[PDB]
C-alpha cells in the first residue's frame, strides 16, 4: 500500500503505526490507550508483549526520524523528565489550529484519556484530574528531544 494503513481502533490513518507480532497495525497511542484496559490485539485477540510500549515494533522507523524533522518550521512539545517530548503529528495539527485561531484552550484525546491544552498558560493536563500537568511549548524542530509521543529517538 502506497497509503498509510488505517487504524481499526480510532478509524483514522495510523499515526506512528506499530506492528504487533500477529502483524496487525495500529497507532502507537491507540495501542497505549488500550493497554490501560489490558487489551490484546483488537483485531485477532492474540497477545501484546509485556514490554511492547517500551520497545514497540514500528511499521516505518525511518518515518519517525522524518517526523522528528518533518514539519519544516515549527513543532509542539510536552514536558518530560529532563527533556522535551514532541507531540504526535495529529495532536500537533490540533494545537497549531487552536493556537493560530487564538483559542484559549482545546481538548485532545491522548492514549485513552482527554487532555486540556491550556494555551494561555502553556500547560496540558488530564481533564478528569488537573494534577497530572505537563508544560508545553511551540518551538522549532531542530532542538534536542526525548523522542516523539513516547517513542525514543
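Residue numbers count along the first chain shown, from 1.
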Which of 138-146 and 9-17 has higher mean CA B factor, as the PDB entry lists it: 138-146
Which is higher on mean Cα B factor in this entry, 57-65 or 89-97? 57-65
Select lowest, middle or highest to describe the third in which the CA B-factor of residue 44 falls within its chain in this entry. lowest
On the chain's distribution of Cα B-factors, residue 103 falls within the third called middle
By the recorded C-alpha temperature factor, relative to the other modelled residues in its chain, which third is residue 37 in? highest
